[PDB]
Amino acid sequence: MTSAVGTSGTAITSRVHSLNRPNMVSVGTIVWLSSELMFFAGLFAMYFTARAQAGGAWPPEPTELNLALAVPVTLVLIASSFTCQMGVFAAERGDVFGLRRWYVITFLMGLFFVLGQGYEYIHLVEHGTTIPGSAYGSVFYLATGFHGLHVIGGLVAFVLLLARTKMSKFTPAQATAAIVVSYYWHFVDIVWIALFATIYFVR
Amino acid sequence: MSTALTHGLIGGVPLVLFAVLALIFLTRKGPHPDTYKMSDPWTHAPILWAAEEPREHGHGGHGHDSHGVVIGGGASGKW
Amino acid sequence: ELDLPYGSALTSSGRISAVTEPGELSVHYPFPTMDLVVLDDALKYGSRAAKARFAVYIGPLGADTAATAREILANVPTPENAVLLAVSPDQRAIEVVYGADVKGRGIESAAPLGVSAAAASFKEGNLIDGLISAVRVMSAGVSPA
Amino acid sequence: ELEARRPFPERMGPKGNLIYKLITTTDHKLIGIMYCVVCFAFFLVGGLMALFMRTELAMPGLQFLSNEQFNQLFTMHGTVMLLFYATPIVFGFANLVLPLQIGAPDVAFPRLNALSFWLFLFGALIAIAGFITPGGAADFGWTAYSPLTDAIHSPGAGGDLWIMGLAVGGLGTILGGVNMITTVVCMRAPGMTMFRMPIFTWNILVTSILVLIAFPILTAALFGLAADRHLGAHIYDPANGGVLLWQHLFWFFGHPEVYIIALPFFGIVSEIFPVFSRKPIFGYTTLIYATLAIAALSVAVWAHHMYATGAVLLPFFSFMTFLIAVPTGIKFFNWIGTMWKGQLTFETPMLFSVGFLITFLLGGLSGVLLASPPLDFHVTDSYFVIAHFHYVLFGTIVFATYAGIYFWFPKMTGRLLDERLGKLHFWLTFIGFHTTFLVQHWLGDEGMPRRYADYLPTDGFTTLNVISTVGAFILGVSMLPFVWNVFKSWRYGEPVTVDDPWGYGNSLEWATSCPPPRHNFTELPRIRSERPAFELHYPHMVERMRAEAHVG
Amino acid sequence: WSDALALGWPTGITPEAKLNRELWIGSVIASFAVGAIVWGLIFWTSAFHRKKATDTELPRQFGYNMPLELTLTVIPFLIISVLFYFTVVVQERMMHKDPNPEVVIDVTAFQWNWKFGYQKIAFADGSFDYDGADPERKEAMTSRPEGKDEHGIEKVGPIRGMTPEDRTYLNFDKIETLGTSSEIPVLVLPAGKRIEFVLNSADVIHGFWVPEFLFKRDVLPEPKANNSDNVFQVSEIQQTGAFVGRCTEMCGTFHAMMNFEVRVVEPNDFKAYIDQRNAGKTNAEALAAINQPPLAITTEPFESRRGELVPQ
Amino acid sequence: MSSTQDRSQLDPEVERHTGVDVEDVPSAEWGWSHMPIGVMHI
Amino acid sequence: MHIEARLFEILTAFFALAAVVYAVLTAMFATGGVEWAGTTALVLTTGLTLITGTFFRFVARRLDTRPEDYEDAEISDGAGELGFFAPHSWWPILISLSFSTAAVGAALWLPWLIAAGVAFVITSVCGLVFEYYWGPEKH
Ligand code: HEA
Ligand code: HEA
Ligand SMILES: CCCCCCCC/C=C\CCCCCCCC(=O)OC[C@H](COP(=O)(O)OCCN)OC(=O)CCCCCCCCCCCCCCC
Ligand SMILES: [Cu+2]
Ligand SMILES: [Cu+2]
Ligand SMILES: [Cu+2]
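- Its PDB header names cryo-EM as the technique used to obtain the model and reports a resolution of 3.2 Å.

## Regarding the interface of chain D and chain E
- Across the contact, 108 residues belong to chain D and 94 residues belong to chain E.
- In terms of residue class, the side of chain D that touches chain E is made up of 57 nonpolar, 34 polar and 17 charged.

## Quick look at the UniProt feature "transmembrane region" (unreviewed entry) in chain B
- The positions UniProt marks with the feature "transmembrane region" (unreviewed entry) are residues 6-27 of chain B.
- As a span, residues 6-27 of chain B carries 91% helix and 0% strand, and end to end its C-alpha atoms are 31 Å apart.

## Description of the site of ligand 1
- Near ligand 1 lie 31 residues; those nearest to it are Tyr 259, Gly 364, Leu 370, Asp 376 and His 388 of chain D.
- Lying at an intersection of chains, ligand 1 is approached by residues of chains D and E.
- Note that an oxygen atom of ligand 1 is positioned 2.8 Å from one of the side-chain N or O atoms of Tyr 259 of chain D.
- One nitrogen or oxygen atom from the side chain of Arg 450 of chain D is found 3.2 Å from an oxygen atom belonging to ligand 1.

## Looking at the environment of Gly 33 of chain G
All names here are of chain G.
- With respect to the element layout, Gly 33 can be found in the loop between α1 (2-27) and α2 (38-62).
- Residue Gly 33 is classed as buried on the basis of its relative accessible area, which comes to 18%.
- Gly 33 sits 10 residues away from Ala 23 along the chain, and the two C-alpha atoms are 8.8 Å apart.

## Remarks on the UniProt feature "transmembrane region" (unreviewed entry) in chain G
Residue and element names in this part refer to chain G.
- Taking the numbering used here, the UniProt-annotated feature "transmembrane region" (unreviewed entry) corresponds to residues 7-30, 36-56, 90-108 and 114-134.
- Its end C-alpha atoms 32 Å apart, residues 7-30 is made of 88% helix and 0% strand.
- Along residues 90-108 the backbone is 89% helical and 0% strand, and the end-to-end C-alpha distance reaches 27 Å.

## Description of the sheet that holds strand β10 (residues 241-247) of chain E
All names here are of chain E.
- The strand order β5-β11-β10-β7-β8 describes an open sheet built from 5 strands, whose pairing is mixed. Whereas interior strands pair on both sides, the edge strands pair on one side only; in this sheet they are β5 (186-190) and β8 (215-219). Here the strands of the sheet are splayed against their neighbours by 25° on average, with no regard to which way each runs.
- Bridge count between strand β7 (residues 206-210) and β10: 2 bridges; the pairing is antiparallel. Within the sheet, the bridge partner assigned to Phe 208 lies in β10 and is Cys 247.

## Comments concerning the interface of chain B and chain C
- Taken together, the contact between chain B and chain C spans 33 residues of the former and 61 residues of the latter.
- For the chain B face of the interface with chain C, the top three residues by lost area are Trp 49, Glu 53 and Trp 79 of chain B, together amounting to 24%.
- Where chain B packs against chain C, one counts 1 salt bridge.
- When the shortest N-O distance is used, the salt bridge between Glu 56 of chain B and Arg 53 of chain C registers 3.3 Å.
- For the pair chain B and chain C, the number of links is 19 residue pairs in polar contact.
- Along the lines of polarity and charge, the residues of the side of chain B that touches chain C split into 18 nonpolar, 10 polar and 5 charged.
- In this structure, strand β1 (residues 48-50) of chain B lies alongside strand β3 (residues 53-57) of chain C, joined through 3 bridges in antiparallel fashion. Looking across to β3 of chain C, one finds that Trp 49 of chain B is bridged to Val 56 of chain C.

## Section: the arrangement of the chains
- Comparison of the 14 pairs of chains in contact shows the highest number of contacts for chains D and E.
- When C-alpha atoms are compared, chain B and chain G, though not in contact, are closest at a spacing of 21 Å.

## Brief notes about the coordination of the copper ion (ligand 6)
Residue and element names in this part refer to chain E.
- All of the protein donors around the copper ion (ligand 6) are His 206 (ND1), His 206 (NE2) and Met 258 (SD); their distances to the metal are 2.0 to 2.8 Å.
- The distance between the copper ion (ligand 6) and the copper ion (ligand 5) comes to 4.8 Å. Linking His 206 in strand β7 with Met 258 in the loop between β10 and β11 (260-265), this pair joins segments that are 52 residues apart in sequence. Here the two residues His 206 and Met 258 agree in accessibility, since each one is buried.

## What to know about the coordination of the iron atom of ligand 2
Residue and element names in this part refer to chain D.
- For the iron atom of ligand 2, every protein donor is listed as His 77 (NE2) and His 390 (NE2), and the spread of their distances is 2.0 to 2.5 Å.
- Seen from the iron atom of ligand 2, its 6 donor atoms lie at angles of 75 to 179°, and the figure they make is irregular. Linking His 77 in helix α3 (residues 67-102) with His 390 in helix α15 (residues 383-413), this pair joins segments that are 313 residues apart in sequence. One exposure class covers both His 77 and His 390, and it is buried.

## Some thoughts on the packing of aromatic side chains
- Using the criterion set out here, one finds 125 aromatic pairs over all chains in the structure.
- Seen from their ring centres, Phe 399 of chain D and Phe 426 of chain D are 5.8 Å apart, and the 70° between their planes marks the pair as edge-to-face. Of this pair, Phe 399 of chain D sits in helix α15 while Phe 426 of chain D sits in helix α16 (residues 419-445), placing them 27 residues apart in sequence.
- With relative accessibility at 3%, the residue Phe 426 of chain D sits in the buried group.
- Between the NZ or CZ atom of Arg 164 of chain A and the centre of the ring of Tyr 133 of chain G, over which it lies, the distance is 3.7 Å.
- One cation-aromatic arrangement involves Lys 271 of chain E over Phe 128 of chain E; the distance from NZ or CZ to the ring centre is 3.8 Å.

## So, the site of ligand 3
- Taken together, 20 residues are adjacent to ligand 3, and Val 125, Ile 131, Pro 132 and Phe 146 of chain A together with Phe 99 of chain G come closest.
- What surrounds ligand 3 is not a single chain but chains A, D and G.
- Look at ligand 3: alone it shows 1100 Å² of surface, and the protein chains cover 65% of it.
- Taken together, the elements giving at least two residues each to the shell around ligand 3 come down to α3 (96-126) and α4 (135-167) of chain A, α7 (199-231) of chain D together with α4 (91-107) of chain G.

Calculation rules
- Residues numbered from 1 in each chain as written, not as in the entry; some residues may be left out.
- Chains lettered and ligands numbered in written order.
- Part of a larger assembly, values for the part shown.
- Heavy atoms only, no water.
- Residues with missing side-chain atoms left out of burial classes, pairs and counts.
- Contact = heavy atoms within 4.5 Å.
- Nonpolar A, V, L, I, M, F, W, Y, C, P; charged D, E, K, R; others polar.
- UniProt positions renumbered as here; feature names shortened; annotations may be inferred.
- Helix = DSSP H or I, 4+ residues; strand = E, 2+ residues; numbered from the N terminus.
- Near = heavy atom within 4 Å.
- Polar contact = N/O pair within 3.5 Å; in protein donor to acceptor, adjacent residues only side chain to side chain.
- Buried < 20%, exposed > 50% of the residue type's maximum accessible area, 1.4 Å probe, protein only.
- Pairing = 2+ DSSP bridges.
- Axes fitted to C-alpha atoms, helices over the stretch in contact; angles between N-to-C directions.
- Buried area = accessible area lost by both parts, 1.4 Å probe.
- Salt bridge = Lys/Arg side-chain N within 4 Å of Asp/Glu carboxyl O.
- Donors = N, O, S within 2.8 Å, 3.2 Å for Na, K, Ca; no water.
- Tetrahedral: all angles 85-135°; square planar, octahedral: opposite > 155°, others 65-115°.
- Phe/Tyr/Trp six-rings, centres within 6.5 Å; stacked < 30°, edge-to-face > 60°.
- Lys NZ or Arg CZ within 6 Å of the ring centre and 35° of its normal.
- Areas by Shrake-Rupley, 256 points an atom, 1.4 Å probe, with all protein chains shown as cover.

Structural data, given as structure tokens:
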């Protein structure tokens with residue numbers, strides 16, 4: 001125990017030196033996100049099959065999409081992605097507290113998105129459309145609520161990463177953790193853009 | 001068809017084939033060298049065996065040094 | 001300096017990486033696997049009571065048998081507390097050597113007993129059984145340090 | 001001038017040195033061993049389900065099974081053997097040797113691959129746990145078509161546990177794919193370029209991509225089904241495209257599933273031929289392209305399992321089904337080329353490896369017969385198809401996996417499996433296998449749809465069914481020599497004190513102690529070609545391996 | 001030799017079945033030739049043992065034969081392309097969709113048995129002024145003015161405005177040869193005529209397969225809404241007599257108990273049968289009246305008992 | 001290095017000389033460490 | 001990472017071609033136009049490969065040739081500090097057990113068990129993630 005057998009300041013360090021070699025955690029998370037894309041591909045396939053089999057009026061008469069509320073939440077999610085990228089820029093630097101601020105406001109705006117989605121859900125539910133009530137309602141709820149579960153998981157990842165930043169000194173490993181969390185958040189917002197264009201605009 | 005015949009067939013053909021294949025294969029000389037007979041001369045290279053029984057100070061080789069054989073006994077015999 | 005006749009190469013570090021043709025083996029010991037296991041079990045836990053490393057040397061030990069026994073005991077990892085029983089059937093000779101630390105623990109009194117146990121079984125015609133019996137008797141004789 | 005080695009290596013080990021590793025093990029080598037042991041346990045459990053089917057199907061009457069009990073058997077047998085023995089054991093072999101074969105010390109995320117194994121184990125258990133419920137396991141087929149899986153049909157709990165058991169097990173497979181693909185991309189030896197890593201590592205790499213492409217779709221489909229069952233979500237309502245939606249969703253996963261089950265063991269077979277043929281894998285650059293083409297084509301030829309539905313663009317999938325057979329043909333010819341003009345020694349790894357060629361070909365030849373819709377019409381959903389994918393699966397993931405087990409048992413245990421017992425096990429398996437399934441081509445060619453619990457005595461093909469049952473029980477006893485061999489060879493059996501118990505090894509995994517040191521290596525050789533270990537062990541061949549190479 | 005080489009393919013009874021059998025024979029010949037040559041290669045390279053005369057000299061160690069790889073990756077493409085062309089030309093006669101069927105059979109397959117409707121009959125020689133009923137196709141539009149809520153919802157229905165419990169896709173006919181669990185249904189068809197089958201499933205997917213037709217189709221619940229071409233035609237049935245037919249997709253527990261028959265009788269026999277069924281009679285009675293065994297002679301409605309060891 | 005090596009004197013009292021050994025159970029001297037195999041068999 | 005990126009680029013090209021041809025030949029020559037299931041699945045597996053290959057290409061252009069990716073590279077060239085690889089850990093089995101609890105809660109429709117399993121999954125993932133960052137107890 002003279003100084004240390006492993007001459008490392010942090011008991012936890014990057015999986016490989018990222019300056020010369022690929023960031024292993026980034027590679028892994030990117031691959032996993034590429035898989036979640038196929039998960040949402042299955043959901044999209046369900047929705048599009050239901051749309052094709054619909055008899056002209058794709059959203060049934062009882063259902064009426066509240067675009068007035070679905071546009072603010074989409075803009076909030078885009079803003080969440082932008083502020084998350086700012087947090088990543090802080091993470092690349094040693095700005096522990098800048099990262100924490102950016103990710104905290106990211107988490108707050110993602111939570112606002114989740115709450116707005118829930119508000120639209122209850123509004124639609126009381127206005128007839130429900131999962132057992134219609135094929136449209138069911139595919140829409142399946143897709144949008146699986147995305148909502150992904151957003152909730154992203155929020156959990158954000159708060160968990162913030163807790164981790166609170167307990168150990170900022171290091172390249174922890175910056176990489178923030179980077180991969182941001183990759184997940186960006187993937188979530190991209191799939192939300194796809195879902196928004198498919199549901200509300202393409203209809 | 002012949003419930004008893006079918007049951008006996010499914011229960012016995014595997015057993016008969018297993019016995020035949022075991023006789024063919026398990027009865028073959030293995031790759032293990034045959035036991036050394038005392039009458040024959042010792043052709044194998046010198047064999048030294050050790051217990052690995054105790055803990056040898058530190059695991060690393062360096063630092064063991066060579067204190068010495070320090071022989072502290074003896075014996076002899078001729079079978 | 002020369003590596004094994006075929007397929008063995010010295011690596012970047014000291015260790016030599018060897019190979020064997022698929023059909024054959026590596027140890028090539030001329031004893032049954034089961035009584036090899038029995039002798040290993042003896043050396044391993046029938047000697048734990050002795051707390052002195054018990055070693056067996058079946059190879060030949062020529063010229064002055066006692067002296068060659070000494071300088072092959074030198075090869076035991078810790079000869080200080082070690083008991084090497086060497087049998088050369090090329091000479092029908094048995095030699096037991098002891099370390100300095102393993103002395104006065106009944107080892108000296110057990111030497112004739114171990115040698116006799118080895119000799120009886122050897123004249124009966126069982127090298128491995130005799131080695132096992134000698135190890136058992138000697139280990140029973142020795143007391144922990 | 002002599003070493004002090006134990007008379008025999010340690011048989012088992014001290015009390016309590018393993019149980020805590022299993023719980024906490026982050027070593028891929030041990031995790032791979034856990035995969036292999038657990039996967040084989042599900043093979044025996046899943047295989048036993050077929051013996052009950054075999055015994056019942058030996059006679060026209062329903063001797064001891066019921067209609068639904070038999071229905072649960074092929075659902076869980078097909079499920080267990082594929083998803084709990086065949087798919088989890090590719091990552092069992094990958095974890096076993098893939099880090100060794102690229103020079104890496106560990107996998108990219110070694111706590112993640114530990115999670116993948118436990119997700120596999122516990123996910124598998126809850127799926128098989130449908131049996132303990134009074135209703136039974138999932139009665140619907142392994143394919144689990146849409147309306148039959150709705151809450152209306154098959155309402156029991158066992159069907160639901162099956163759905164979630166695959167979702168849990170599926171996640172472990174997805175995560176395992178992330179490790180193997182990230183390990184290959186990131187963790188590699190300082191000299192091992194992507195075009196010099198062995199064929200098996202390449203095969204696992206492309207298989208991992210297929211896993212990532214396929215399994216998430218299944219999880220999406222399974223949740224959609226689970227949503228439909230528990231919430232009436234009309235996702236697979238037949239009035240929608242539900243019946244063809246599920247088949248499109250499932251088979252889009254399904255057909256890649258039968259190829260992630262195949263490609264890894266093509267690599268294992270490709271690893272075994274060069275070492276025992278004493279010559280390079282014939283056409284290395286061609287095999288990697290063939291493997292890449294198969295994975296690319298497998299995604300877009302999914303629907304050739306839906307020819308009978310009469311709801312798919314029939315010509316399109318048939319063409320690509322004929323197009324995906326050509327790459328597999330190239331791979332098959334290359335393996336023979338590797339065996340060509342080579343000093344073949346048919347040890348138990350080759351014996352199984354050659355058996356794979358014989359069984360796979362006949363199953364493969366029947367595969368193209370199924371690729372023709374006009375032929376697929378009459379022969380679809382019959383025992384001819386049951387005979388097809390068993391000659392192909394059993395050939396590809398029983399003969400090859402056993403070859404991998406026999407080939408790599410010393411490299412993970414330090415002990416050699418008995419050759420005589422291995423030869424007995426092979427011929428029992430080979431003679432047993434061809435007996436059980438060869439007649440099933442004729443069985444299904446004449447009218448006998450699969451998934452039939454009983455048939456009339458007046459219906460013909462009663463003699464074939466008993467012949468099939470005889471073969472399966474020959475297969476049933478064939479696993480006794482193997483289990484005995486492993487049981488008495490793990491703790492006993494000729495130890496290997498050298499690298500390459502099979503001389504002329506390649507792939508850099510034969511450049512380390514047969515029980516590899518933790519972190520896989522104490523010595524990484526200068527990697528120059530596709531055969532680093534061979535180059536190291538036989539330096540004189542280094543020049544020859546370059547000179548004779550081009551001639552072909 | 002053809003029967004043995006067909007690997008247990010029944011000799012077809014329709015022009016389509018005969019053509020499919022010929023394609024199968026050709027494809028099996030090609031597959032056996034390929035298998036024979038490849039197995040010969042394997043058993044001939046198995047002659048390359050490690051000869052003891054092999055001194056310390058390793059094999060040729062070549063690998064990497066580009067011209068050979070090109071040849072053996074060109075020829076399989078040729079073989080599979082020829083097979084694909086033959087497959088396409090045979091497929092063309094899989095459903096010719098002749099707009100003038102000689103007899104249309106509405107095959108509706110419910111959970112664990114069959115029903116055949118005889119939707120329409122129109123003989124080319126001129127006969128059978130017969131037609132399907134379709135008064136009973138009643139929809140289940142859940143278009144109530146208001147639901148649980150007080151107003152606004154005016155729910156129409158989940159799917160295309162209707163309810164999954166619709167059954168409108170099913171078609172019904174005057175002459176229904178429903179198959180009971182204890183009476184195997186026997187769809188009787190005239191020999192030598194073009195027989196169309198309009199396929200539907202009442203509850204779940206399953207598969208109509210007459211093994212001697214050398215053709216099967218999957219009766220799905222709502223094929224039109226699932227983009228499935230359920231309806232398929234058979235140009236002719238030469239041989240008369242009783243031909244077994246089976247269910248070839250998962251139906252549920254009693255999936256193996258859905259066997260039926262397609263008894264092909266002469267056109268005059270079909271005249272008599274249809275007349276006697278228009279007259280109040282059952283399928284067995286009509287068969288007996290036309291002097292043909294009433295019960296399925298190729299299969300029995302085997303025991304409803306769960307099995308042999310059940311105590312009755 | 002923010003840890004201090006521990007040392008303990010545990011009051012001992014069978015003399016663990018006929019039974020289990022530290023090689024088999026590393027902490028034999030620290031507590032009840034071996035049940036007679038006869039107990040498990042019966 | 002040139003070859004690593006090129007693998008996914010080739011896969012993306014093939015899957016894009018497959019998706020396009022499937023969409024066209026299903027919009028025309030199919031019973032009901034575009035299938036909308038195979039089409040979407042092919043499009044989004046093209047997206048899978050496109051994302052992975054684009055990231056790999058970005059990395060390849062951002063990175064100088066590594067010893068791993070460099071032909072004729074000596075072992076000493078890559079010799080150095082490899083990064084942190086997690087040693088023994090018992091959190092993965094707890095994560096698997098928690099997810100299994102949530103899964104059985106979903107199968108047997110038990111919302112209480114689903115909630116318990118999700119809480120356990122959160123706890124176990126927190127433990128795994130914090131395993132190598134939890135500081136010493138401050139007393
Ligand atoms: C490892 C598993 C595996 C592998 C490799 C394959 C490989 C192939 N499969 Fe397989 N298949 C399954 C597993 C597998 N399959 C399973 C599990 C089912 C499920 C049954 C069901 O649910 O329907 C199935 C079902 C299945 C069906 C549906 C049957 C039906 O439902 O009616 C069809 C075609 O219709 C098919 C075709 C093919 C083809 C053309 C190949 C080929 O890609 C490769 C094999 C064929 C060869 C010909 C290889 C040999 C080639 C040469 C020697 C070159 C020279 C020869 C020629 C050019 C002919 N498969
Ligand atoms: C990896 C995949 C795999 C493997 C290895 C097998 C192996 C076998 N299969 Fe497989 N089979 C499938 C995958 C597989 N099968 C699939 C996917 C289907 C289609 C399912 C569907 O359509 O729904 C199928 C269908 C299927 C059917 C049709 C069921 C039906 O439709 O009615 C039959 C009928 O005999 C059968 C038989 C066999 C036999 C005899 C073996 C043998 O080779 C198995 C060898 C047997 C053993 C190894 C057991 C012997 C061991 C013991 C007795 C010891 C037991 C010990 C313990 C339990 C601790 N299989
Ligand atoms: C797998 C999960 C199960 C299967 C897959 C489910 C996937 C769904 C995902 C997200 C959906 C979220 C949005 C849901 C809210 C949308 C509105 C709605 O659903 O409509 C109201 C209806 C009542 O309708 P009603 O009786 O007719 O009365 C109308 C009154 N006039 O509520 C409902 O049933 C909806 C309740 C559904 C809760 C699902 C919770 C999933 C959590 C699982 C945790 C992970 C499990 C891991 C598994 C390995
Ligand atoms: Cu397929
Ligand atoms: Cu059926
Ligand atoms: Cu049916």
